[PDB]
Amino acid sequence: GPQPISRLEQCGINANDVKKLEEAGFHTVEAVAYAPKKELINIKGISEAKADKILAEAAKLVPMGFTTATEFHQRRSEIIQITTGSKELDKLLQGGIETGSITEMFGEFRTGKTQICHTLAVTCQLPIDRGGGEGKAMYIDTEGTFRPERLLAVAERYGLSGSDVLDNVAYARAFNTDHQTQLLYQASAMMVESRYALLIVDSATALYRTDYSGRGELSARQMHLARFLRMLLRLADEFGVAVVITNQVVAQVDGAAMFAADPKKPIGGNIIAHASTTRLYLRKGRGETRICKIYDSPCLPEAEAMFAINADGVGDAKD
Amino acid sequence: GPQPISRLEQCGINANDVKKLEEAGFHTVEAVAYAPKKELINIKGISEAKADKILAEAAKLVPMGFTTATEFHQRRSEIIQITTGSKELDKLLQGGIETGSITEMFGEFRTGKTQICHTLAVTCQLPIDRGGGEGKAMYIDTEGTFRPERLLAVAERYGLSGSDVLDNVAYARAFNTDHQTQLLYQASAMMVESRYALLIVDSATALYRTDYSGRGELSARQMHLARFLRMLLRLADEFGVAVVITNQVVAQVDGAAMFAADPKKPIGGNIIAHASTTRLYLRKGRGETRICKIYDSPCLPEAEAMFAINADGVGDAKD
Amino acid sequence: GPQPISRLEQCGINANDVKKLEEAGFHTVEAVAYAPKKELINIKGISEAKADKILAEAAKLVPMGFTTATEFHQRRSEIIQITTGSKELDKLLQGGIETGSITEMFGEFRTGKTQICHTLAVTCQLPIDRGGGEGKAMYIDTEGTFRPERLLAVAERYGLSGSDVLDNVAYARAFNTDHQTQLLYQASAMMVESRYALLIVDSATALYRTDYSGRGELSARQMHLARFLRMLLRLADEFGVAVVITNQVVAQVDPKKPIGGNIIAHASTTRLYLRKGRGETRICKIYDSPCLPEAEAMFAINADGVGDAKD
DNA sequence: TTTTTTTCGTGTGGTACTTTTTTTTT
DNA sequence: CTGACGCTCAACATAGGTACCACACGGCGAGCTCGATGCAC
DNA sequence: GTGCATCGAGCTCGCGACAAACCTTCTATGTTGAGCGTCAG
Ligand SMILES: Nc1ncnc2c1ncn2[C@@H]1O[C@H](COP(=O)(O)OP(=O)(O)OP(=O)(O)O)[C@@H](O)[C@H]1O
Ligand SMILES: Nc1ncnc2c1ncn2[C@@H]1O[C@H](COP(=O)(O)OP(=O)(O)OP(=O)(O)O)[C@@H](O)[C@H]1O
Ligand SMILES: Nc1ncnc2c1ncn2[C@@H]1O[C@H](COP(=O)(O)OP(=O)(O)OP(=O)(O)O)[C@@H](O)[C@H]1O
Ligand SMILES: [Ca+2]
Ligand SMILES: [Ca+2]
Ligand SMILES: [Ca+2]
Ligand SMILES: [Ca+2]
Ligand SMILES: [Ca+2]
Ligand SMILES: [Ca+2]
C-alpha cells in the first residue's frame with residue numbers, strides 16, 4: 001500500500017507541518033508528491049521555502065522519473081480486475097473492472113447502473129482467485145438509491161456471509177456537489193487505515209444537473225466537475241482502487257440523428273469524456289436483459305455484450 | 001423528526017440570520033445542512049463568512065459522513081411502507097409505497113392515477129400496524145380533480161371517521177408551474193409543525209406540458225422541472241415523507257411497432273426518469289380492473305399485478 | 001364572482017400597467033394571479049420587476065395557499081350541476097353537468113353531441129331549484145350546425161319564453177383554429193360583465209383535424225390544442241362556468257376512439273361516450289371521471305331536445 | 001519614470017392518424 | 001472412390017403506412033416611449 | 001388656469017460567429033445461400 005505521510009518526519013519535515021498537510025487532505029507521501037507546488041502554498045503555515053523542501057523529500061520516497069515500458073508492462077500484468085458477476089461482461093472487459101482507472105457507466109433509467117454498482121460492491125470483496133479485489137468497498141450515493149437488500153442477494157450467490165459483506169461496505173450519502181467533493185477528503189483518510197478495492201460514485205453527475213442550472217452556470221459547473229474528477233484520479237493513482245462512476249443521459253433534440261430511434265448522449269460534456277478512461281454504454285434489452293457497449297477505452301475494442309439483472313444481482317442472461 | 005432551524009442559534013448564529021434563512025425556505029437544520037454554499041449566498045444579508053459558519057454548525061448537528069452499510073441496513077428496516085389498499089399491489093411493491101423516496105405513477109387517462117392518490121391520502125393516516133404511515137397527508141393538485149367524496153368512500157372502508165380524515169388532508173391547487181414550485185416552500189413550513197406522512201403531487205408534469213410549449217422552451221422546461229424534483233427529494237430526505245407524483249404519457253409516432261417499442265412513454269424526459277426511484281406503469285384492463293407494472297425500481301423486480309377501482313377506492317379485483 | 005382587474009390599481013399598480021394586462025386577455029384578478037411569470041413578461045412594457053409586483057399584489061386578493069380538505073369539501077357541496085334534460089343521464093352523472101370542470105362528449109356522427117349541447121344551452125338558464133345554472137350560455141360553433149329552432153323546442157318544453165332564451169345565448173362561429181382560440185379572449189371579457197353558467201365548444205377538435213394534416217404537423221397541432229384546453233380550464237376556474245366540449249372519433253386500424261390524443265384525454269375531467277341505439281334512443285357511457293363509476297344510461301333525442309327514452 | 005497579460009464551458013424531447021369488403025340454391 | 005438430397009447455421013433484408021419541430025449566458029448601450037417637472041398666454 | 005415642452009426613468013432589442021459537420025443504420029421475424037451429414041452405388 002501507499003506510504004503514510006508520517007514518513008516525512010524521518011526526512012526532517014516538522015511534525016507540525018505534517019499535521020498541516022493532513023488537515024489539507026494529504027495522508028500519504030504519494031499524495032504530497034503528486035500535488036503541485038501551488039496546492040502546498042495555499043495551505044496556511046506552508047511557505048514557498050517549506051514547500052520546496054517538502055516536495056524534494058517526498059520525491060525521494062516516490063519514483064517520479066522515466067522508466068522503460070518493459071517495467072511498466074510488468075506492473076500492469078499484476079493489476080487487479082474485478083469481476084462484474086457476468087461472464088459476458090468479463091469477456092467484453094477482458095477480465096472485469098480494472099483498478100487504478102476511472103470507469104464510467106451511463107445510460108437511461110432502469111438500464112442497471114445502480115445494479116452493477118451493487119454487484120461490484122460485493123464481488124470486490126471476493127479473493128483475487130475468484131475474481132475479486134480482496135478489499136472493502138466504498139459507496140458514495142447521490143440519489144439515495146442504495147439498497148443493502150441487493151447486497152445480501154449478491155452475497156448469497158457467492159456464498160459470502162451477508163453480515164460481513166455489509167460491514168465491508170462504507171456508505172456515504174451526498175446531498176450537494178460541495179458535500180460530494182468533501183466526502184472524497186474523508187475517503188482518502190479512510191483508505192489509509194484499511195485496504196479498499198473499489199470506490200463507487202453513483203451518480204457522479206446527478207447533483208451537477210441541478211446545483212448548476214442554465215448556460216450561465218455551465219462554465220462553473222464543468223470547472224467544479226473537473227476538480228472532482230481529478231480527485232478521483234488522485235485516489236486511483238494513490239491507493240490503486242477501482243473508481244466506478246455512474247452517469248446520466250440527455251436527449252439530442254436535433255434532427256441530425258435520423259437513423260437513431262432515440263438519440264441520447266451522456267451528460268458532463270467533454271470534461272467527463274476525457275477524464276474517464278473506460279466508458280460503458282448500457283441500454284435496455286428485452287425483458288430483464290441489458291446490453292453493454294464499450295463506448296470508450298484505451299485498449300478495449302468497441303464491442304457489445306448482453307447481461308441480465310437477476311434476483312441475485314447482475315448475471316448472464318439465463319434464458 | 002427533523003430538528004427545527006432554531007437550534008442553530010444555540011450554536012452562536014445570530015437570530016436575525018436565522019430569520020433570513022426561514023424567509024428563504026429553510027426551516028430545519030437538515031435543510032440548511034443539505035444546502036450547497038451557493039444557495040445560502042444567494043440569500044440577501046448572508047455573507048460568505050456567515051455562510052461558511054452556518055454550514056459548519058449545521059454539519060455538527062447533522063451526520064454527513066461515512067457510515068457502515070450495516071447501520072444503513074438497520075435504518076432502512078424501520079422505514080414505513082404505506083398500503084395501497086390492494087393486496088396485489090402490496091405484494092408487487094413488497095409492502096406498499098415507500099417513504100423517503102419519490103414514487104412516480106404514470107399511464108394514459110382513466111388508468112387510475114388519481115384514484116390511487118385518493119386511496120393513499122387516506123391509508124397513510126392508518127396506524128402503522130394496519131399498513132399506514134400514522135401521519136397526515138398533503139395533496140398538491142394541478143388539475144382540479146381532487147374529490148373529497150372519494151376520500152370519504154375510502155375512509156368508510158377502513159372504519160375511519162370521515163370528518164377526521166378530511167381534517168388530516170392538506171389540499172392546495174396549483175395553477176401554474178411557478179405556483180406549483182412555490183407551494184413546496186409552504187409545504188416545508190407546514191411539515192415542521194405537524195407530522196406528515198405522504199406528499200402527493202398530481203399531476204407533477206401536467207402544467208409543464210403547457211406552460212412551456214415547443215422545442216424552443218424545452219430546455220427551460222426541463223431545468224425548471226429538475227429544480228422542482230430536487231425540492232421533492234429534499235422534502236423526502238428532510239422529513240421522511242413518501243412523495244408520490246403522477247405523470248402523463250405521450251404517443252410515439254415513429255416506427256415503434258416496427259422496432260417493437262411501446263406506443264406511449266411518460267413525459268418529462270430523462271429529468272424525471274432518473275429522479276424517480278420507483279416508477280409504476282398503470283394500464284387499463286377489463287371493466288374496472290387495472291394492471292400495474294414496475295417500470296423502474298432499485299430493489300423491485302419488474303413484475304405486474306392487477307388491481308381494481310372499486311366504489312370504495314383502489315382495491316383488489318373482485319372477479 | 002371574480003374580482004375585476006381594476007382592483008389591482010387600488011393596490012399600487014399603475015393604470016397604464018392594468019391597461020396592458022387587459023389588452024393581453026387578463027380581465028380579472030384571478031386571471032392575473034393564476035398566470036405564470038412567463039405570461040406577464042411576454043407583455044411588452046412589463047418587466048420582470050413589474051411582473052413580480054403584480055403577482056405579489058394579485059396573490060393578496062386571491063387565496064392561493066394550502067387549505068383543509070374539509071373546507072374544500074364544503075365548497076364542492078355548493079357547485080352547481082346543470083340538468084341534461086334526461087332523468088337517466090342525471091342519475092348517471094349524479095346530478096348533471098358539473099360547473100368548473102371540462103366535460104367532453106364524443107361519439108360517431110348522429111350520436112347526439114350537438115343535440116345535447118342545444119339542450120344544455122337552454123337548461124343552464126333555468127333556476128337552480130329546477131336544475132339550471134341560472135346564467136347565460138355561450139356557444140362557440142366550429143361546424144356551422146347551430147340551430148336556434150332546437151333551442152325554441154327545448155324552451156317550450158320547460159315553459160320558458162322563447163325570445164328570452166335566444167337572447168341569453170351568445171353565439172360565435174369559428175372558421176379556423178386560430179380564430180377558435182381568439183374567441184376565448186373575447187369570451188373572458190364578456191363573462192366579466194354578465195353571469196354565464198355554461199360555455200360550449202362544438203366541436204373542439206373539428207377544425208384541428210384539417211388545419212393540421214399529417215404527422216409533419218402533429219406536434220404543432222397538439223401544442224396548439226393544449227393551449228386551447230388550458231385557456232378553457234382557466235375560464236372554468238376563473239368564472240366557475242361549466243365547459244362542455246364536443247369531440248369526434250377515429251377508427252383504430254390495429255373500434256373507434258376519440259381524436260385529440262393524450263392532450264385532450266388528460267385535460268378532460270369527465271368524458272362521455274355516446275353511441276347509437278334503436279330508433280332515436282342513444283346510450284351514454286362514462287368514459288373517464290374522477291368520481292363517477294363507469295356506467296351506462298339510455299336517453300333519447302325527442303322533438304323537444306334530449307330527454308328520457310319512451311321505451 | 002516604465003509597462004500588458006489571458007479563454008472557459010453544453011443543455012434539452014415532443015406528438016397520433018386513418019377503414020375496408022359479399023357470398024351462396026334446394 | 002462419389003454424388004443427389006435434406007438439416008441447420010450464417011448472413012441478410014424488411015415490416016399497414018405516414019414527419020416534422022429551437023432555443024438557452026456572461027452585459028452595456030442605442031433607443032424611444034412616457035411620467036414628472038417646468039414653461040408660454 | 002390651459003395647453004405645451006423637456007429630462008429622468010423605464011423597458012426593448014442588438015451585438016458575433018466564418019458557412020460546416022454529421023456518421024447513427026435501431027428489433028425482430030422470416031428469407032436467402034451455403035456448409036455439412038446420409039445413403040446408395
Ligand atoms: N430484485 C430484483 N430483481 C430483478 N430486477 C431487479 C431487482 N431490483 C431491481 N431490478 C431491476 O433493476 C433495474 C435497474 O434499476 P437501477 O436502479 O439499476 O437503475 P439505474 O440505471 O440506476 O437508473 P436511474 O437513472 O433511475 O438511477 C430496474 O428496471 C428493475 O426492474
Ligand atoms: N366511485 C367510483 N366507482 C368506480 N369507478 C370509479 C369511481 N370514481 C371513479 N372511477 C373510475 O376511475 C377511473 C380513473 O379515474 P382517474 O381520475 O383515476 O384517472 P387518471 O388516471 O387521473 O386520468 P387523467 O389522465 O385524466 O388524469 C375512471 O375511468 C372512472 O371510471
Ligand atoms: N327535431 C328533431 N327531432 C328528432 N330527432 C332530431 C331532431 N333534430 C335532430 N335530430 C336527430 O339528431 C341526431 C343527431 O344529430 P346531432 O347534430 O346531435 O349529431 P352530432 O353528434 O353532432 O353529429 P356530427 O358528428 O355529424 O356533428 C340526428 O340523427 C337526427 O335524427
Ligand atoms: Ca440509480
Ligand atoms: Ca476518455
Ligand atoms: Ca387525474
Ligand atoms: Ca429512476
Ligand atoms: Ca354536430
Ligand atoms: Ca382526463
Side-chain angles (χ1 to χ4, degrees), chain A residues 208-209 212-226 248-273 283-286 291, chain B residues 208-209 212-226 248-261 263-273, chain C residues 14-17 20 41 43-51 205 208-209 212-226 249-265:
Chain A
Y208 288 96
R209 210 168 189 177
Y212 305 83
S213 61
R215 183 172 60 177
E217 300 176 324
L218 182 61
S219 61
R221 188 190 86 165
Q222 304 293 116
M223 282 163 32
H224 192 287
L225 175 56
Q248 301 183 341
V249 294
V250 55
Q252 303 176 17
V253 307
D254 297 329
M258 24 52 175
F259 287 152
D262 200 334
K264 49 188 164 297
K265 49 164 58 177
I267 64 172
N270 302 288
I271 263 59
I272 198 177
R283 67 174 184 270
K284 174 80 187 314
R286 199 169 205 167
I291 304 177
Chain B
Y208 288 94
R209 208 170 190 176
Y212 308 82
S213 64
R215 185 176 58 178
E217 312 184 31
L218 178 61
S219 67
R221 189 191 90 164
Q222 304 293 136
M223 287 168 37
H224 195 294
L225 177 55
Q248 306 184 344
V249 296
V250 55
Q252 295 173 175
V253 307
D254 300 324
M258 187 177 65
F259 295 122
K264 55 209 160 194
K265 50 148 58 177
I267 68 171
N270 306 284
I271 262 61
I272 198 169
Chain C
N14 308 127
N16 287 330
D17 298 335
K20 298 183 182 177
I41 293 180
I43 303 171
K44 290 189 175 184
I46 290 190
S47 173
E48 310 182 354
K50 289 288 182 181
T205 55
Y208 289 97
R209 208 174 191 174
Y212 303 87
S213 55
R215 187 175 59 178
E217 312 187 1
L218 182 65
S219 66
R221 186 190 94 167
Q222 303 292 134
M223 286 165 40
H224 195 282
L225 174 59
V249 298
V250 62
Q252 306 175 182
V253 307
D254 302 355
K256 50 210 163 197
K257 56 151 61 177
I259 65 171
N262 303 280
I263 267 67
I264 201 173

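Protein chains get the first letters and strands the later ones, always in sequence-line order, with residue 1 at the start of each.
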For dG31(E) and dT3(D), measure between their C1' atoms and round to the nearest Å.
40 Å
Would you kindly give the CE-to-P distance between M258(A) and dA19(E), to the nearest whole Å?
15 Å
How many angstroms lie between OG1 in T205(C) and CD1 in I259(C), if you round to the nearest 0.5 Å?
3.5 Å
In whole Å, measure the gap between the P atoms of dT18(E) and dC18(F) for me.
41 Å
If we check the six-membered rings of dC21(E) and its strand neighbour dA22(E), are the centres under 5.5 Å apart with planes under 30°?
no
In this structure, do the base rings of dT4(D) and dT5(D) stack on each other (centres less than 5.5 Å apart, planes differing by less than 30°)?
yes
Complementary nucleotide for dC8(D) - Watson-Crick or wobble, under 3.5 Å:
none
Which nucleotide in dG35(E), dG13(D), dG9(D) has an atom nearest any side-chain atom of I271(B):
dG13(D)
Please state how far atom CD1 in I291(A) lies from atom P in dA28(F), giving the value in whole angstrom units.
8 Å
The reported gap from CD1 in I271(B) to CD in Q248(A) (rounded to nearest 0.5 angstrom) is 7.5 Å
The sugar of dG14(D): north or south, by the sign of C1'-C2'-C3'-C4'?
south
Between P of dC21(E) and CD of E217(C), the distance in whole Å:
10 Å
Over all strands shown, is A220(B) touching base, sugar-phosphate only, or nothing at heavy-atom distances under 4.0 angstrom?
nothing
Correct closest heavy-atom pair for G216(A) and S219(A) would be O-OG, 4.4 Å
Under the rule syn = chi within 90° of 0, otherwise anti, which is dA20(F)?
syn
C1'-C2'-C3'-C4' based pucker assignment for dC23(F):
north
Side chains of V250(B) and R209(B): closer than 4.5 Å at any heavy-atom pair?
yes
Closest nucleotide among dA16(D), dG13(D), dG35(E) to the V250(B) side chain:
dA16(D)
What is the distance, rounded to the nearest whole Å, between atom NE2 of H224(A) and atom P of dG9(D)?
14 Å
Is there a side-chain contact between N14(C) and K50(C), using heavy atoms and a 4.5 Å cut-off?
yes
Determine if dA15(E) and its strand neighbour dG16(E) meet both stacking conditions: ring centres closer than 5.5 Å and an interplanar angle below 30°.
no
Spacing of OH belonging to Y208(C) relative to CD1 belonging to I264(C), to within rounding of 0.5 Å:
9.5 Å
Mapping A257(B) and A256(A) onto DNA chain F by nearest heavy atom, which one lands closer to the 5' end?
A256(A)
On the nucleotide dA24(E), are OP1 or OP2 found under 4.0 Å from the side-chain N or O atoms that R215(A) carries?
no
Regarding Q252(C), tell me which of base, sugar-phosphate or nothing describes its non-hydrogen contacts under 4.0 Å with the strands shown.
base
Does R221(C) place a side-chain N or O at less than 4.0 Å from the phosphate oxygens OP1/OP2 of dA19(E)?
no
Please confirm whether neighbouring nucleotides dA24(E) and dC25(E) meet the stacking test: six-membered ring centres under 5.5 angstrom apart, planes under 30 degrees.
no
Give the rounded distance in Å between these two atoms: CG of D254(A) and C1' of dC22(F).
11 Å
May I ask you to evaluate whether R286(A) reaches the phosphate of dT27(F), defined as a side-chain N or O under 4.0 Å from OP1 or OP2?
no
The contact string for nucleotides 9-19 of chain F, one letter per nucleotide 5' to 3', using protein heavy atoms under 4.0 Å with B, S and - for base, sugar-phosphate only and none, comes out as --SSS------
Tell me whether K264(B) at atom NZ has more than 12 heavy atoms from other residues, nucleotides or ligands lying less than 6.0 Å away.
no
Are the six-membered base rings of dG11(D) and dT12(D) within the stacking limits, centres under 5.5 Å and planes under 30°?
yes
Take atom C1' in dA11(E) and the same atom in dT22(D), then report the distance between them in whole Å.
45 Å
Non-hydrogen atoms of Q252(B) and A261(B) that approach each other most closely:
NE2-CB, 3.9 Å
Can a donor-acceptor pair under 3.5 Å be found between the side-chain atoms of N262(C) and the base atoms of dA16(D)?
no
Nucleotide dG11(D): sugar north or south according to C1'-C2'-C3'-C4':
south
Give a yes or no on whether the backbone of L218(C) and the side-chain of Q222(C) come within a donor-acceptor separation of less than 3.5 Å.
no
So what does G214(B) touch, heavy atoms closer than 4.0 Å: a base, only the sugar-phosphate, or nothing?
nothing
Classify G268(B) by what it touches in the nucleic acid, base, sugar-phosphate, or nothing, heavy-atom distance under 4.0 Å.
sugar-phosphate
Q222(A) side chain near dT10(D) phosphate (N/O to OP1/OP2, under 4.0 Å)
yes
Can you measure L225(A) atom CG to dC8(D) atom P for me and round it to whole angstrom units?
17 Å
Identify all stems in which DNA chain F takes part, counting only runs of at least 3 consecutive pairs (Watson-Crick or G-U wobble, each distance under 3.5 Å), and give each as one range with another, ordered by first number.
E:1-15 with F:27-41, E:27-41 with F:1-15
May I ask you to verify whether the side chain of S219(C) and the base of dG14(D) hold a donor-acceptor pair under 3.5 Å?
yes
Measuring only the P atom in each nucleotide, how far is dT14(E) from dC26(F)? A whole number of Å is fine.
12 Å
By sign alone, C1'-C2'-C3'-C4' of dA5(F) puts its sugar north or south?
south
Hey, are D262(A) and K265(B) close enough for a salt bridge, meaning a charged N less than 4.0 Å from a carboxylate O?
yes
Within the 4.0 Å heavy-atom criterion, would you say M223(C) contacts the bases, only the backbone, or no part of the nucleic acid?
nothing
Separation of atom OH in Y212(C) from atom P in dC20(E), rounded to whole Å:
16 Å
How do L218(C) and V253(A) order along DNA chain E: which one's closest nucleotide is nearer the 5' end?
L218(C)
Considering all heavy atoms of both residues, which atom of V253(B) and which atom of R215(C) are nearest to each other, and what is their separation?
O-NH1, 2.6 Å
Less than 4.0 angstrom between a side-chain N/O of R209(A) and OP1 or OP2 of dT10(D), yes or no?
no
Which distance, rounded to the nearest 0.5 Å, do you find between the CD of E217(C) and the OH of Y212(C)?
8.0 Å
For atom CD of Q252(B) and atom P of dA16(D), their distance in whole Å
11 Å
